[PDB]
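Order of the sequence lines sets the chain letters (A, B, ...), proteins ahead of strands, with each chain counted from 1. Side chains included, hydrogens not; waters and symmetry mates left out as well; all remaining heavy atoms used.
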Number of protein chains: 2
Amino acid sequence: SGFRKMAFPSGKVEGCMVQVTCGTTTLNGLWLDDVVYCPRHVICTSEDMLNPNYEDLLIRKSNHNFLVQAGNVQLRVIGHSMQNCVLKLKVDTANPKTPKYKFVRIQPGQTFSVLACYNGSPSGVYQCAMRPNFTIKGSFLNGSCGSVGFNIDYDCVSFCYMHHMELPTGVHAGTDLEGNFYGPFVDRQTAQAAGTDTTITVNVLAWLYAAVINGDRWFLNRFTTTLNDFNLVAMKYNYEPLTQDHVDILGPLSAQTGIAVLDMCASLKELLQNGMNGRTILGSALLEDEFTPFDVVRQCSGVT
Amino acid sequence: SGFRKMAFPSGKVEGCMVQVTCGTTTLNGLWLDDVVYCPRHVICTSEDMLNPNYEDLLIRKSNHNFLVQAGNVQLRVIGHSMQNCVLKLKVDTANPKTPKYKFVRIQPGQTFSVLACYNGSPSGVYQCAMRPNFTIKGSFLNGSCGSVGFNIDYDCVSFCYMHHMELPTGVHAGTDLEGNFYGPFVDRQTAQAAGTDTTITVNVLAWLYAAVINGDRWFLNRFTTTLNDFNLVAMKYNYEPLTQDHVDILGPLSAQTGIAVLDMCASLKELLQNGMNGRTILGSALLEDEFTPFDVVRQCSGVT
Ligand SMILES: *CC(=O)N[C@@H](C)c1cccc2ccccc12
Ligand SMILES: *CC(=O)N[C@@H](C)c1cccc2ccccc12
């Protein structure tokens, strides 16, 4: 029993982290096979960052200007290319610790683990969600760029995020591993405001199911609702609309607990309208939205 | 910027996890050098667990009754002993992935990372604290016994916890790696109630400092207090007494923020008396007590 904000074991990703230095900028790279992936802004001076022309800046860079260090051993860079907002540094050595992997572009509301790194060395691991406004709420100091977000399916690491930017509001923006930003963000030090950070409704519902499975049941009420009625209340509270697709995804948790999804919606509706009245659910005083239905099943079943 | 409940990177510990089977019970072992450490209750039938005599039960067990599997390879058990509530299985092979390590017995209020494992395979990593009542609030299904808690200092893993028991209230009890339970708990399926789960005051204060460092400042007020005045309020709210030793430990966060520890106590005092009034601090609606002052410094500075 018990339910924790749980990250994937980070070992398979730790084995992929390297240090990338271009001039006086050091950040993190991801070494898979004979390619090191890193933010293209590794090439920028802080002056460059205000209005960088990455193609023009890259012309001044040779393979030997990219210093790649794996532990205390230097890797030889034999090629470099820009793909969207990432650099791909071809090295002469395949990472011997390369796990089975995929690059995936996640949807808002999807959760993943971040391995926060500085100088190619892992400092910590935590669980994130892609926010509906395509930011993440991370923990990233200077030097943490190139840190990655991932999911694991048994032995296959799906890489979904690479850290690029902190917005003036202290929320985070980055790319998939093809170098495409999540959301409208750019690797330029300019006015970039996030949109509404709405609550991931399907995730809250999943977590309420987790609560029931772990004995926290005080919020279960006598009511039901419809998707349309619930959605009127959701909209008023800056919750994402719930779709039949979300209802379908929650079916297994419905089945396990015997609580109809729309009944749990009606419980969530009363929590929104009434508040927590100083009570907690799984040790939280707010409704947690960084567990997916898949996460809740995984943790309640014990997948490895 | 940003502040997350962050675990240590788990790779060094993943390399130590094995499966231990005695009869029809499978749980986790920790393989360091040529010793596999596991809960002694691996030898019990569920009938045994009601009133186990571990010395008597152990007489019926030989080295060959302990099946130890590291990945899909069997380890040869050449000796076994009981130390308090752990078994030490001597194997003929040193773990080639043994990291630098120590066994440490932590104090209440100290935080650590748990690598939740099933069948010797890692499922997830999360951050815990030793509660003042010597329980932890974990995420542990059947099969998770022998999962470990640890801290890392650069490259030395300090092992502080091994999972043994879930109490009827769904909180967790376990041992250090010398097999001594935290608190008054025993590896017997009997009436074991936890004491008062008080809030770790020095940890809340550390986290309020983290909040100020990351721009969450709304709770800072015009007041100060004394340790004695604060402690009157703490006692009323089931917070641990704050000692001068705690004040000394918070000095570096005091220095960095320029907020006197007793001023931050007076802010915490007003939050206890007034509540959050529906506001959040670092995305929490309750005062977080599972960050130590050391954790806050580490994460705000970026140690690897
Ligand atoms: C996130 C990161 O590690 N890289 C960027 C933000 C960075 C770090 C340190 C100095 C510097 C100077 C000029 C531009 C960018 C950076
Ligand atoms: C925690 C754990 O993995 N071991 C214990 C609780 C256990 C698991 C599964 C079956 C069983 C049967 C009898 C006693 C103990 C167990």
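Of all the heavy atoms in B:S1 and B:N214, the pair that sits closest is OG-OD1, 3.2 Å. Residues A:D216 and A:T280 share a closest heavy-atom pair of OD2-O, 4.3 Å.
Heavy-atom pairs under 4.5 Å with chain B were tallied for A:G278, A:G170, A:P122, A:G15; the largest tally goes to A:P122. Your options are B:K5, B:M276, B:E14, B:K12, and the one with the most heavy-atom pairs under 4.5 Å with chain A is B:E14. Most heavy-atom pairs under 4.5 Å with chain B, from the set A:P9, A:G143, A:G124, A:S10: that is A:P9.
Ring orientation note: the planes of B:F8 and B:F150 are tilted relative to one another, at an angle of 30° to 60°.
Contacts between residues 288-304 of chain B and chain A, counted as heavy-atom pairs separated by less than 4.5 Å, involve B:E290, B:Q299, B:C300, B:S301, B:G302, B:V303, B:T304.
A:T98 is not listed as a side-chain neighbour of A:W31, based on a closest heavy-atom distance of 4.5 Å or more.
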Check the pair A:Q19, A:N28 against side chain to side chain contact (heavy atoms under 4.5 Å, CB included), reporting the backbone distance first and the verdict last. CA-CA 5 Å; A:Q19 183 187 79; A:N28 304 286; 5.9 Å; no
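A ring pair (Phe, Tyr, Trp, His ring centres under 6.0 Å) with A:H172 is found for one member of A:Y161, A:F140, A:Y126, A:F134 and no other, namely A:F140.
For chain B, the nearby parts of A:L286 are the backbone and the side chain; heavy atoms of each come within less than 4.5 Å. With a 4.5 angstrom heavy-atom cutoff, A:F3 touches chain B only via backbone atoms.
Counted by atom type alone, B:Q127 and B:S113 present one or more donor-acceptor pairs between their side chains at under 3.5 Å. Side-chain polar atoms of A:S121 and A:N119 form no donor-acceptor pair below 3.5 angstrom.
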